[PDB]
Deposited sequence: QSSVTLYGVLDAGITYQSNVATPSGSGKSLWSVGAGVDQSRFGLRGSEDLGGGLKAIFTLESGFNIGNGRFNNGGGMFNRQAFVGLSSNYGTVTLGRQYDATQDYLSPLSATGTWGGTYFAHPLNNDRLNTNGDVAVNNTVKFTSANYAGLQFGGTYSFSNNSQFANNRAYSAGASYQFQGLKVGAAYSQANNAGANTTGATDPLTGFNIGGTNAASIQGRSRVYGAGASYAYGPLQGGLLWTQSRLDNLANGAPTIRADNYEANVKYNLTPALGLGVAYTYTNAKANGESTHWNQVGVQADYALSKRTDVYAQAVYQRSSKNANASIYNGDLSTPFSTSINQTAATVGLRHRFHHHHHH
């Protein structure tokens, strides 16, 4: 009954204050690339099948505007590719999909809403930002109907190989919404993530987990929230690694076309009796020229503990860290969304 072509183009100039060079000294990194959202194009549709029943699909491909290449592991529909049925009693979808972490926790974070890439937590450790390979393959997802503001669901992501536990995943989450208040909680687990090309997580072991909970509130021109997440690697005789992230964010619309957002995140990682931590704060001014086009300017600052180095997530996990405990990232950019409904 409807097939929509859509996309988002986001390009900006970014300065990063200190990025290690091969000579070991720190220099600034200048780049052109996605500032807030990862660029993408997609096809989505829904067919009315009568009785509240609908067939739905989404095919969504992320790419780097700087070089035209696929990212998120490099496949065609590297963000989402799924088909399913929606009814009054819930939705079941099959394919490559984001999991409950993304459905129920990301909307409570700056990186998952107005902030995007550079507001991600260190190394995107809790998989909240999707400018990065965070979708899961071979996924069956159930999403409940809305029960008076309560929604819940989960995923199982098959290994697609004769070893059932070798690169699979699952998750569960729930949200509660009421007149501007949003609460969410989620739990996700992977076994042998990235261990092969058939399973749930693309290459790049043991057990990896993300869980968290938070809440946000919106009224008028003001919105804000709090969010806790933990990412954990265990069952490796390597020592367990765990990272906790504590974020507060607020966004205020000065005018209907000018939003300013501020976010702060404290991250604390522990392994084998030792601990490192990062403090990150960012501010973003975003100006809408139309419903489809906005220009933005932002600056993010991160300081690590003295036994560690700073690195603001820029969409590329291979980016070398700062040589110091400090890094600044400042971006000016342009974002354009397009949309065709095929009447």
Completion exercise
The deposited sequence goes unmodelled at 1, 206-218, 251-252, 360
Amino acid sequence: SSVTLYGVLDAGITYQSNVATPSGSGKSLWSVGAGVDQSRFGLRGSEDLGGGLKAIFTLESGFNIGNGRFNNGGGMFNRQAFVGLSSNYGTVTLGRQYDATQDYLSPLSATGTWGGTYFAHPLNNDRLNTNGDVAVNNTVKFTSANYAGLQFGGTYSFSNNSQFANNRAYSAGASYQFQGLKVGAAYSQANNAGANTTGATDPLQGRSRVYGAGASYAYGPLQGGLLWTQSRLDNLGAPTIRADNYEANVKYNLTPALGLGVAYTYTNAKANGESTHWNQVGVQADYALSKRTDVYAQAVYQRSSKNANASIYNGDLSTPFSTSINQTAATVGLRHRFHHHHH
From here on, numbers count along this sequence of modelled residues.
Practice task
Could you check which stretch, 290-298 or 44-52, carries the larger mean CA temperature factor in the entry?
Solution key: 44-52
Problem - Residue range whose averaged C-alpha B-factor is higher in the record, 172-180 or 104-112 - result: 172-180
Fill in the blank from the handout: For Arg127, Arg79, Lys141, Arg232, the deposited C-alpha B-factor is largest at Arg232
Exercise for the section: Just grab whichever of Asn272, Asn249, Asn72, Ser159 has the top CA B-factor as deposited. Expected result: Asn272
Fill in the blank from the handout: Split the chain's modelled residues into thirds by Cα B-factor; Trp228 lands in the lowest
Problem - Chain thirds of CA B-factor: placement of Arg209 - result: middle
Fill in the blank from the handout: Temperature factor at the Cα of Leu334, chain-ranked in thirds, falls in the middle
Fill in the blank from the handout: Chain-relative C-alpha B factor for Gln163 (record values, thirds): the middle
Completion exercise
Here the Cα B-factor of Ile241, set against its chain, lands in the third termed highest
